[PDB]
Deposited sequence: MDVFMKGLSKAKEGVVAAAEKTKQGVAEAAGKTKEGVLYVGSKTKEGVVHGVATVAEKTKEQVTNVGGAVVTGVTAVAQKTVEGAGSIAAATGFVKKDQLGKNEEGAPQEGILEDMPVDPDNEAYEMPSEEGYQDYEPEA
């Protein structure tokens, strides 16, 4: 029983970024391996990967993740 449920019921200043750079190496969510048996990646939210990264009001509602892995039995 791997169940995920989500509900969202709606009964309805200044940001300045200045970036000067050179030779930027950026890595995000990176999983590196040798000889696995299983690999899983679930992204319910937001992954922002930049040289300049700005986020505003981003992950604002009703997320759910259910993960079951393995179970040899």
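- By the record, the deposited chain contains unmodelled runs at 1-13, 26-35, 97-140, with no C-alpha atoms placed there.
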